[PDB]
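*Asks:* Got final_11.txt for you, compact mmCIF, C-alpha atoms:
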```txt
# COMPACT_ATOMS: atom_id res chain seq x y z
CA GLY A 248 0.00 0.00 0.00
CA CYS A 249 0.89 3.68 0.13
CA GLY A 250 -0.94 5.59 2.83
CA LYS A 251 -4.39 6.48 1.56
CA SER A 252 -5.18 6.89 -2.12
CA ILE A 253 -2.02 7.08 -4.20
CA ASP A 254 -3.64 5.45 -7.21
CA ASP A 255 -6.16 8.23 -7.68
CA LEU A 256 -3.12 10.41 -7.09
CA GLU A 257 -1.19 9.29 -10.14
CA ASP A 258 -4.45 9.51 -12.05
CA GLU A 259 -5.39 13.03 -11.05
CA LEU A 260 -1.70 13.82 -11.39
CA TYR A 261 -1.23 12.64 -14.96
CA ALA A 262 -4.40 14.48 -15.89
CA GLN A 263 -3.10 17.58 -14.15
CA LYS A 264 0.05 17.13 -16.20
CA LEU A 265 -1.67 17.18 -19.57
CA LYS A 266 -3.68 20.06 -18.16
CA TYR A 267 -0.50 21.78 -17.05
CA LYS A 268 0.96 21.52 -20.53
CA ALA A 269 -2.30 22.39 -22.24
CA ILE A 270 -2.66 25.37 -19.95
CA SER A 271 0.97 26.43 -20.10
CA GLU A 272 0.72 26.24 -23.87
CA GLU A 273 -2.65 27.93 -24.24
CA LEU A 274 -1.20 30.53 -21.90
CA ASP A 275 2.01 31.30 -23.75
CA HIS A 276 0.03 31.07 -26.96
CA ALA A 277 -2.70 33.20 -25.43
CA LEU A 278 -0.11 35.93 -25.04
CA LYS A 279 1.75 35.02 -28.21
CA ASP A 280 -1.52 35.51 -30.07
CA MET A 281 -1.43 39.10 -28.86
CA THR A 282 2.27 39.33 -29.65
CA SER A 283 4.61 41.59 -27.72
CA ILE A 284 2.95 44.92 -28.42
CA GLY B 248 3.82 10.13 -0.27
CA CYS B 249 3.76 6.34 -0.41
CA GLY B 250 7.15 4.71 -0.01
CA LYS B 251 8.61 5.02 -3.49
CA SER B 252 8.13 8.25 -5.40
CA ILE B 253 4.64 9.38 -4.44
CA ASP B 254 5.94 12.22 -2.29
CA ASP B 255 6.95 14.22 -5.33
CA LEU B 256 3.56 13.19 -6.64
CA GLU B 257 1.51 14.67 -3.82
CA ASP B 258 3.77 17.70 -4.02
CA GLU B 259 3.50 18.22 -7.76
CA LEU B 260 -0.18 17.43 -7.33
CA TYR B 261 -1.16 20.00 -4.72
CA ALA B 262 1.15 22.36 -6.57
CA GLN B 263 -0.53 21.62 -9.88
CA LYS B 264 -3.79 22.45 -8.14
CA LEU B 265 -2.80 25.83 -6.74
CA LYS B 266 -0.88 26.28 -9.96
CA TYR B 267 -3.91 25.32 -12.02
CA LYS B 268 -6.03 28.01 -10.40
CA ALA B 269 -3.10 30.41 -10.17
CA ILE B 270 -2.43 29.85 -13.85
CA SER B 271 -6.06 30.01 -14.90
CA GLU B 272 -6.45 33.32 -13.10
CA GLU B 273 -3.00 34.65 -13.91
CA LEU B 274 -3.85 33.72 -17.48
CA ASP B 275 -7.19 35.47 -17.77
CA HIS B 276 -5.58 38.37 -15.94
CA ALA B 277 -2.48 38.04 -18.08
CA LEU B 278 -4.66 38.80 -21.08
CA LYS B 279 -7.03 41.13 -19.28
CA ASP B 280 -3.97 43.14 -18.33
CA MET B 281 -2.75 42.95 -21.91
CA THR B 282 -6.00 43.74 -23.66
CA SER B 283 -6.18 44.42 -27.38
CA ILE B 284 -2.97 46.42 -27.58
```
Could you spell out this file's structure in structure tokens?
*Replies:*
Amino acid sequence: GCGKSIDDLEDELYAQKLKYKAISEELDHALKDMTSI
Amino acid sequence: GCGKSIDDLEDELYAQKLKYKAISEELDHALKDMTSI
């Protein structure tokens, strides 16, 4: 075992990862779209 | 934190959470602050 719920951890984690990259991207792109005025 | 490499998991997790909301907001605000320049 781990301690409580590690499984759901890796799950929510991985998801948070793809969300962290999708967000980080959409973010940089969100600003890139506006270019450095 | 389990007993392998979950620690960094829970860390990156909770971080990804506060970072997810901090990014989401900082993002919207990042653009809101930018506005159609």
*Asks:* In Å, how far is it from CA of residue 257 in chain B to CA of residue 253 in chain A?
*Replies:*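 Rounded to one decimal, the two atoms are 8.4 Å apart.
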*Asks:* Chain A least-squares fit onto chain B, all C-alpha atoms in order: RMSD in Å?
*Replies:* 2.6 Å
*Asks:* Please report as a tab-separated table every residue of chain B lying within 8 Å of chain A, along with the nearest atom pair and their distance in Å (one decimal), using only C-alpha atoms.
*Replies:*
```
residue	atom	partner	partner_atom	distance
B:248	CA	A:249	CA	7.1
B:249	CA	A:249	CA	4.0
B:250	CA	A:249	CA	6.3
B:253	CA	A:253	CA	7.1
B:256	CA	A:257	CA	7.1
B:257	CA	A:256	CA	7.1
B:259	CA	A:260	CA	7.7
B:260	CA	A:260	CA	5.6
B:263	CA	A:263	CA	6.4
B:264	CA	A:263	CA	7.8
B:267	CA	A:267	CA	7.0
B:270	CA	A:270	CA	7.6
B:271	CA	A:270	CA	7.7
B:274	CA	A:274	CA	6.1
B:277	CA	A:278	CA	7.6
B:278	CA	A:278	CA	6.7
B:283	CA	A:281	CA	7.3
B:284	CA	A:284	CA	6.2
```
*Asks:* Would you mind completing range 249-270 of chain B to N, CA and C atoms and writing the output as a PDB file, keeping the file's coordinate frame?
*Replies:*
```pdb
ATOM      1  N   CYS B 249       3.444   7.747  -0.209  1.00  0.00           N
ATOM      2  CA  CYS B 249       3.760   6.340  -0.410  1.00  0.00           C
ATOM      3  C   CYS B 249       5.175   6.093   0.126  1.00  0.00           C
ATOM      4  N   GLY B 250       5.806   5.064  -0.420  1.00  0.00           N
ATOM      5  CA  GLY B 250       7.150   4.710  -0.010  1.00  0.00           C
ATOM      6  C   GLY B 250       8.039   4.407  -1.220  1.00  0.00           C
ATOM      7  N   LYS B 251       7.837   5.192  -2.267  1.00  0.00           N
ATOM      8  CA  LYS B 251       8.610   5.020  -3.490  1.00  0.00           C
ATOM      9  C   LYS B 251       8.932   6.396  -4.077  1.00  0.00           C
ATOM     10  N   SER B 252       7.958   6.951  -4.782  1.00  0.00           N
ATOM     11  CA  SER B 252       8.130   8.250  -5.400  1.00  0.00           C
ATOM     12  C   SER B 252       6.777   8.965  -5.504  1.00  0.00           C
ATOM     13  N   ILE B 253       5.960   8.769  -4.478  1.00  0.00           N
ATOM     14  CA  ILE B 253       4.640   9.380  -4.440  1.00  0.00           C
ATOM     15  C   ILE B 253       4.757  10.787  -3.845  1.00  0.00           C
ATOM     16  N   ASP B 254       5.715  10.936  -2.943  1.00  0.00           N
ATOM     17  CA  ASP B 254       5.940  12.220  -2.290  1.00  0.00           C
ATOM     18  C   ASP B 254       5.915  13.328  -3.343  1.00  0.00           C
ATOM     19  N   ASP B 255       6.854  13.237  -4.274  1.00  0.00           N
ATOM     20  CA  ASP B 255       6.950  14.220  -5.330  1.00  0.00           C
ATOM     21  C   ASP B 255       5.609  14.325  -6.060  1.00  0.00           C
ATOM     22  N   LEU B 256       4.857  13.236  -5.999  1.00  0.00           N
ATOM     23  CA  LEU B 256       3.560  13.190  -6.640  1.00  0.00           C
ATOM     24  C   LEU B 256       2.598  14.136  -5.917  1.00  0.00           C
ATOM     25  N   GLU B 257       2.393  13.854  -4.637  1.00  0.00           N
ATOM     26  CA  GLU B 257       1.510  14.670  -3.820  1.00  0.00           C
ATOM     27  C   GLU B 257       1.925  16.141  -3.895  1.00  0.00           C
ATOM     28  N   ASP B 258       3.233  16.348  -3.951  1.00  0.00           N
ATOM     29  CA  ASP B 258       3.770  17.700  -4.020  1.00  0.00           C
ATOM     30  C   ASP B 258       3.359  18.338  -5.347  1.00  0.00           C
ATOM     31  N   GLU B 259       3.812  17.726  -6.431  1.00  0.00           N
ATOM     32  CA  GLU B 259       3.500  18.220  -7.760  1.00  0.00           C
ATOM     33  C   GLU B 259       1.983  18.332  -7.941  1.00  0.00           C
ATOM     34  N   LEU B 260       1.272  17.450  -7.254  1.00  0.00           N
ATOM     35  CA  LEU B 260      -0.180  17.430  -7.330  1.00  0.00           C
ATOM     36  C   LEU B 260      -0.729  18.734  -6.741  1.00  0.00           C
ATOM     37  N   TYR B 261      -0.670  18.820  -5.420  1.00  0.00           N
ATOM     38  CA  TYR B 261      -1.160  20.000  -4.720  1.00  0.00           C
ATOM     39  C   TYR B 261      -0.672  21.279  -5.405  1.00  0.00           C
ATOM     40  N   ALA B 262       0.556  21.220  -5.898  1.00  0.00           N
ATOM     41  CA  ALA B 262       1.150  22.360  -6.570  1.00  0.00           C
ATOM     42  C   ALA B 262       0.401  22.615  -7.885  1.00  0.00           C
ATOM     43  N   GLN B 263       0.167  21.532  -8.614  1.00  0.00           N
ATOM     44  CA  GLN B 263      -0.530  21.620  -9.880  1.00  0.00           C
ATOM     45  C   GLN B 263      -1.940  22.180  -9.677  1.00  0.00           C
ATOM     46  N   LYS B 264      -2.455  21.971  -8.474  1.00  0.00           N
ATOM     47  CA  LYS B 264      -3.790  22.450  -8.140  1.00  0.00           C
ATOM     48  C   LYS B 264      -3.751  23.968  -7.964  1.00  0.00           C
ATOM     49  N   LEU B 265      -2.939  24.404  -7.011  1.00  0.00           N
ATOM     50  CA  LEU B 265      -2.800  25.830  -6.740  1.00  0.00           C
ATOM     51  C   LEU B 265      -2.221  26.525  -7.966  1.00  0.00           C
ATOM     52  N   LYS B 266      -1.498  25.750  -8.760  1.00  0.00           N
ATOM     53  CA  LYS B 266      -0.880  26.280  -9.960  1.00  0.00           C
ATOM     54  C   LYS B 266      -1.920  26.326 -11.087  1.00  0.00           C
ATOM     55  N   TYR B 267      -2.861  25.396 -11.018  1.00  0.00           N
ATOM     56  CA  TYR B 267      -3.910  25.320 -12.020  1.00  0.00           C
ATOM     57  C   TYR B 267      -4.865  26.513 -11.902  1.00  0.00           C
ATOM     58  N   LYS B 268      -5.136  26.896 -10.663  1.00  0.00           N
ATOM     59  CA  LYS B 268      -6.030  28.010 -10.400  1.00  0.00           C
ATOM     60  C   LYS B 268      -5.236  29.322 -10.508  1.00  0.00           C
ATOM     61  N   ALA B 269      -3.972  29.245 -10.122  1.00  0.00           N
ATOM     62  CA  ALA B 269      -3.100  30.410 -10.170  1.00  0.00           C
ATOM     63  C   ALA B 269      -2.767  30.734 -11.624  1.00  0.00           C
ATOM     64  N   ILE B 270      -2.734  29.688 -12.438  1.00  0.00           N
ATOM     65  CA  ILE B 270      -2.430  29.850 -13.850  1.00  0.00           C
ATOM     66  C   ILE B 270      -3.683  30.320 -14.588  1.00  0.00           C
TER      67      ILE B 270
END
```
